[PDB]
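Report on the structure
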Amino acid sequence: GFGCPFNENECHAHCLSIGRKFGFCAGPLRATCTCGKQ
């Protein structure tokens, strides 16, 4: 995905910064991140 496996901390913190409290990278390619609450 966008963050993992490259930078999970970034994707994670990034998603966490948009209100979401959890989330990971969405898709295999560096597209976006899948937040736990969209």
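For this entry, the PDB record names solution NMR as the structure determination method.

The PDB lists this entry under the title "1H chemical shift assignments for micasin".

Quick look at the pairing of strand β2 (residues 32-35) now. Strand direction decides the pairing type here: strand β1 (residues 23-26) and β2, joined by four bridges, are antiparallel. Residue pairing for β2: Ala26 is matched across the bridge by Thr32. Linking β1 to β2, which pair antiparallel, is a turn of five residues; within it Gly27 sits at a positive phi near 80 degrees.

Moving on to the state of the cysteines. Under the definition given, this model contains three disulfides. Here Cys4 connects covalently by a disulfide to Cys25, the sulfurs 2.0 Å from one another. Sign of the S-S torsion, about -125 degrees for the bond between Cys4 and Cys25, identifies this disulfide as left-handed. Residue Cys4 is found in the segment before α1 (8-17), and its partner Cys25 is found in strand β1; the two are separated by 21 residues along the sequence. Overall, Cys4 belongs to the buried group, its relative accessible area being 12%. Covalently, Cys11 is tied to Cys33 through a disulfide, its sulfur atoms 2.0 Å apart. Here the residue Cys11 occupies a position in helix α1, and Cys33 occupies one in strand β2, the gap between them amounting to 22 residues.

What follows is about the packing of aromatic side chains. This structure, assessed with the given rule, holds zero aromatic pairs. Above the face of the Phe2 ring, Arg30 is positioned so that its terminal group lies 4.9 Å from the ring centre. Seen from the ring of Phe6, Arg30 lies directly overhead, with NZ or CZ sitting 5.5 Å from the centre.

What counts and how
- Residues numbered from 1 in each chain as written, not as in the entry; some residues may be left out.
- Heavy atoms only, no water.
- Pairing = 2+ DSSP bridges.
- Helix = DSSP H or I, 4+ residues; strand = E, 2+ residues; numbered from the N terminus.
- Disulfide = S-S within 2.5 Å.
- Buried < 20%, exposed > 50% of the residue type's maximum accessible area, 1.4 Å probe, protein only.
- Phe/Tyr/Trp six-rings, centres within 6.5 Å; stacked < 30°, edge-to-face > 60°.
- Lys NZ or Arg CZ within 6 Å of the ring centre and 35° of its normal.

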